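Notes to accompany the following structure.
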2 protein chains.
Amino acid sequence: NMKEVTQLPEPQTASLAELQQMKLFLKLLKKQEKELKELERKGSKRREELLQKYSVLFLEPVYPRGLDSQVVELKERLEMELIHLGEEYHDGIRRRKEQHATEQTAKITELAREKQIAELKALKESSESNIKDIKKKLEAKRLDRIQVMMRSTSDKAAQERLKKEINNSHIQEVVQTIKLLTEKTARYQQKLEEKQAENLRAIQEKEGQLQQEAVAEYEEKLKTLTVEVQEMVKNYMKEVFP
Amino acid sequence: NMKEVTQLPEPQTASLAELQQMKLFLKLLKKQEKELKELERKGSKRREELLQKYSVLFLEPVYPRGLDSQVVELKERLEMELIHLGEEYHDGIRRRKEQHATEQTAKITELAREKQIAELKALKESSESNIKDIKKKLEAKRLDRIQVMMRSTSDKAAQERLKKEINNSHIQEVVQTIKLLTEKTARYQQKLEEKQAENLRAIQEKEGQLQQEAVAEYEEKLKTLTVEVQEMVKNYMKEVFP
């Protein structure tokens with residue numbers, strides 16, 4: 001009934017944006033980017049190491065046979081290893097991105113679960129304080145409805161029938177205001193939990209997109225791989241002979 | 001055909017039932033029940049300790065300074081200190097009960113959290129594991145298709161065309177197959193996270209009912225409080241004078 005009696009903080013939870021802009025999360029992303037740059041360097045060095053390997057083979061003497069163009073053979077073998085490396089390479093990046101997505105969810109889920117505990121605790125404590133300060137205003141009124149009632153009557157019978165009928169109001173309106181306040185605090189805790197559940201769903205939806213972007217890129221790379229290899233092996237050969 | 005190479009662990013998380021039986025959870029329930037009996041001890045000692053006080057006051061010789069009876073002056077005063085004692089006592093049980101409710105959620109949310117992480121981890125490793133063996137089979141088939149081909153066709157230009165078609169097949173088939181598991185893994189993960197959400201929700205629902213119960217008792221106790229004391233006193237006024 002009384003609105004000043006029931007307060008309770010509004011069902012609020014830090015959003016993704018607020019969480020994604022937090023320090024601990026921002027360093028993870030920078031960490032993750034360093035991990036991707038490393039894989040790229042390692043990949044790049046590996047391609048060179050593979051090419052360097054053939055620079056060696058193409059200089060070794062070949063013993064004669066029919067179809068003795070077993071020099072074109074090596075060419076084909078190199079092309080295939082580059083393809084093999086190309087595959088392995090992009091799959092790795094692919095798996096790494098998917099891992100990053102996992103870590104970002106973990107980190108962000110943690111940072112959110114921390115704030116959420118406070119939100120919930122904050123709510124509960126607000127609920128108790130009200131109760132306490134609601135029972136004080138109610139009992140304080142008790143003494144007053146009595147001090148006054150006495151100040152205006154003297155008949156041990158009727159005088160007391162009221163003291164009895166007044167300690168009856170108290171005992172009754174406290175059970176009342178405590179219920180409604182309880183019921184209410186319960187509406188709030190639930191809104192609060194729901195907001196957090198939604199929050200998680202969005203976190204999970206973001207991961208999905210990241211997983212999805214990791215696979216698209218992966219495909220997008222294998223689309224042109226065989227041809228990028230065709231072209232590089234063509235240039236490579238010119239440097240190996242003419 | 002496909003279901004052999006795209007098989008994933010069907011979504012499943014422990015139920016609220018499985019979790020309410022784990023060691024740690026049950027020990028907590030035992031501890032919390034110890035706390036309730038201790039409060040009950042402090043509750044009784046304090047009431048006993050309050051009657052003792054009125055043993056002295058009652059049987060204390062009185063030096064008449066007026067006429068009204070000083071026994072009633074104390075009788076009613078006793079009743080109100082018991083009432084107040086009842087008010088803080090039950091309110092305290094209420095607050096502790098609800099505190100136990102917040103403790104069970106924290107605990108069970110813990111246990112659940114750990115398993116749910118392991119589940120998500122198992123699904124992901126499984127998925128990637130399929131991808132690895134898919135690439136092994138596909139590439140094994142590739143080698144074999146080439147082998148069988150070369151020995152049934154003894155014309156370069158021809159076998160080169162066939163190699164390109166076979167190699168082409170392989171690369172695209174791994175990409176599309178990796179695109180497939182990835183889509184199925186996404187479906188299995190989504191459903192999995194969904195159960196976990198439902199489970200959490202069941203948990204909060206449980207806490208909601210406990211808290212609800214903790215308040216229902218309080219209300220009840222308070223409504224009978226006035227009588228349970230006036231009577232206990234009546235019996236008391238026969239242990240003092242009569």
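In the text below, chain A, chain B and the rest are named by the order of the sequence lines, each starting its count at 1. When reading the values below, keep in mind they use all heavy atoms of this one structure, side chains included, and skip hydrogens, waters and symmetry mates.
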In Å, rounded to the nearest 0.5 Å, how long is the span from CD1 of A/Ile166 to CZ of A/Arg161?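 Taking CD1 in A/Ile166 and CZ in A/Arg161, the distance rounds to 10.5 Å.
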A quick test of your reading: do over 12 heavy atoms of other residues, nucleotides or ligands sit less than 6.0 Å from [atom1] of [X]?
{"X": "B/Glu114", "atom1": "CD", "answer": "no"}
{"X": "A/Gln147", "atom1": "CD", "answer": "no"}
{"X": "A/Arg142", "atom1": "CZ", "answer": "yes"}
{"X": "A/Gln212", "atom1": "CD", "answer": "no"}
{"X": "B/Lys3", "atom1": "NZ", "answer": "yes"}
{"X": "A/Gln12", "atom1": "CD", "answer": "no"}

Pair [X] + [Y], salt bridge at N-O below 4.0 Å:
{"X": "A/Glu219", "Y": "B/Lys179", "value": "yes"}
{"X": "A/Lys223", "Y": "A/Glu220", "value": "no"}
{"X": "B/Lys137", "Y": "B/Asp133", "value": "no"}
{"X": "B/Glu98", "Y": "B/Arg94", "value": "yes"}
{"X": "A/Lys156", "Y": "A/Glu160", "value": "yes"}
{"X": "A/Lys135", "Y": "B/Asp91", "value": "yes"}
{"X": "A/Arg145", "Y": "A/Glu173", "value": "yes"}
{"X": "B/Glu217", "Y": "B/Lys97", "value": "yes"}
{"X": "A/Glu125", "Y": "A/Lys121", "value": "yes"}
{"X": "B/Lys195", "Y": "B/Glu198", "value": "no"}

Distance-only side-chain donor-acceptor flag, [X] / [Y], under 3.5 Å:
{"X": "B/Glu207", "Y": "B/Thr105", "answer": "yes"}
{"X": "A/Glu193", "Y": "A/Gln116", "answer": "no"}
{"X": "A/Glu40", "Y": "A/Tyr89", "answer": "no"}
{"X": "A/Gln7", "Y": "A/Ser126", "answer": "yes"}
{"X": "B/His100", "Y": "B/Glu103", "answer": "yes"}
{"X": "A/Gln99", "Y": "A/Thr102", "answer": "no"}

I'd like to know if the side chain of [X] reaches the main chain of [Y], judged simply by a donor and an acceptor atom lying under 3.5 Å from each other, with no hydrogens or angles considered.
{"X": "B/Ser55", "Y": "B/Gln52", "answer": "yes"}
{"X": "B/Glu4", "Y": "B/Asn1", "answer": "yes"}
{"X": "B/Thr177", "Y": "B/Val174", "answer": "yes"}
{"X": "B/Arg201", "Y": "B/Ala197", "answer": "yes"}
{"X": "B/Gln70", "Y": "B/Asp68", "answer": "yes"}
{"X": "B/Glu79", "Y": "B/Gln230", "answer": "no"}
{"X": "A/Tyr188", "Y": "A/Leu123", "answer": "no"}
{"X": "B/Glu18", "Y": "B/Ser15", "answer": "yes"}
{"X": "A/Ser152", "Y": "A/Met149", "answer": "no"}

Do [X] and [Y] have side chains that get closer than 4.5 Å, going by heavy atoms?
{"X": "B/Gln204", "Y": "A/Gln196", "value": "no"}
{"X": "B/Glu183", "Y": "A/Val215", "value": "no"}
{"X": "B/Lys75", "Y": "B/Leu78", "value": "no"}

Partner residues of B/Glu194 under the salt bridge (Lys or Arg N to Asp or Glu O under 4.0 Å) criterion, sequence neighbours left out: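 B/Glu194 satisfies salt bridge (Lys or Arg N to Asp or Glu O under 4.0 Å) with B/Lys191 once adjacent residues are dropped.
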Please walk me through it: do B/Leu16 and B/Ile108 pass side-chain contact (heavy atoms from CB on, under 4.5 Å)? CA-CA 8 Å; B/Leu16 210 202; B/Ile108 280 191; 3.8 Å; yes
